[PDB]
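Structure first, then comments.
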Amino acid sequence: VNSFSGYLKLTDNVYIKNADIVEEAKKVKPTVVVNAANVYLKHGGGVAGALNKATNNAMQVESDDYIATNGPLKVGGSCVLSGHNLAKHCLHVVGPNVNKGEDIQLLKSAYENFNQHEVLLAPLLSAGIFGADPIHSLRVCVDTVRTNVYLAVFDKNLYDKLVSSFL
Ligand SMILES: Cc1ncc(C(=O)O)s1
Numbered sequence: 003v004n005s006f007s008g009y010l011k012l013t014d015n016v017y018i019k020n021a022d023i024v025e026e027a028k029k030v031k032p033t034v035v036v037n038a039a040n041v042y043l044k045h046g047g048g049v050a051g052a053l054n055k056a057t058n059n060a061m062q063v064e065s066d067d068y069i070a071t072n073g074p075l076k077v078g079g080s081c082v083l084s085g086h087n088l089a090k091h092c093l094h095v096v097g098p099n100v101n102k103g104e105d106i107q108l109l110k111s112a113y114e115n116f117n118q119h120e121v122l123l124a125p126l127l128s129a130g131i132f133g134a135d136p137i138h139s140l141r142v143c144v145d146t147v148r149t150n151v152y153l154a155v156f157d158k159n160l161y162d163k164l165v166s167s168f169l
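First residue of the sequence shown? That's 3 in the authors' numbering, and the numbers climb one at a time after it.
Have a look at this one:
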């Protein structure tokens, strides 16, 4: 049994809700929240922008030190950093950004990072300002992630379309 409430169970391991990821993280304090990161961990907008704002920029400060030591992530890659006031840990995952021309086949590689964590609160990778089709992102998620994932959908309209169209 876990703390997650109000989620629509899609498969054995994937759940979905219309929820504010910051507000959901603040309520649950999950072991892992996933950030929709870029390779530079520059948390300017979308999921990263919102999560980082909710940490009062502490996520960005920590991320800048990570990059100064390690250099950029790979598209499809990830790193584990603090969850600050939102979670124990933040898994920063880089999905391909279609608005930069990145290979959408890297979306599966991005989701494979979730399998290193037994339970996660996450957004749909490469959705929103990363430019991918969120229906496609949900399909790759269900077909890739084997651990228990609780997906927070930012839009009520999009949430209803994802559920209604789910095979
Ligand atoms: C505050 C948020 N902005 C974008 C989200 C998303 O595309 O998942 S959540």
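All C-beta atoms, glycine included, are put in the ideal place defined by N, C-alpha and C.
Would DSSP call residue i helix, strand or coil?
i: residue 144; result: helix
i: residue 138; result: helix
i: residue 77; result: coil
i: residue 54; result: helix
i: residue 11; result: strand
i: residue 99; result: coil
i: residue 49; result: helix
i: residue 4; result: coil
Taking the beta carbon of residue i as the centre, do at least 16 other beta carbons fall within 10 Å, making it buried, or is it exposed?
i: residue 139; result: buried
i: residue 88; result: buried
i: residue 98; result: buried
i: residue 13; result: exposed
i: residue 85; result: buried
Could you spell out where the beta strand (DSSP E) holding residue i opens and where it closes?
i: residue 166; result: Segment 158-166 is the alpha helix (DSSP H) holding residue 166; no beta strand (DSSP E) there.
i: residue 39; result: Premise fails: residue 39 is in no beta strand (DSSP E) and is neither H nor E.
i: residue 121; result: 121-124
i: residue 87; result: That residue, residue 87, is in no beta strand (DSSP E); it is neither H nor E in DSSP.
i: residue 154; result: 150-155
Is residue i near ligand 1 - that is, is its Cβ less than 6 Å away from at least one heavy atom of it?
i: residue 156; result: yes
i: residue 129; result: yes
i: residue 32; result: no
i: residue 48; result: yes
i: residue 60; result: no
i: residue 56; result: no
i: residue 125; result: yes
i: residue 112; result: no
i: residue 52; result: yes
Starting from residue i, follow the alpha helix (DSSP H) in both directions and report where the run begins and ends.
i: residue 19; result: First-last for residue 19: 16-20, but that is the beta strand (DSSP E), not the alpha helix (DSSP H).
i: residue 24; result: 23-30
i: residue 63; result: 60-72
i: residue 112; result: 108-114
Using 8 Å as the Cβ pair cut-off and three pairs as the minimum, do the stretch 102-114 and the stretch 14-34 touch?
no
Between the stretch 143-159 and the stretch 114-122, are three or more C-beta pairs nearer than 8 Å?
A contact exists between the stretch 143-159 and the stretch 114-122.
Quick one: any contact between the stretch 70-84 and the stretch 39-59, if contact means 3 or more CB pairs under 8 Å?
The stretch 70-84 makes contact with the stretch 39-59: 3 or more CB pairs, one atom from each, lie closer than 8 Å.
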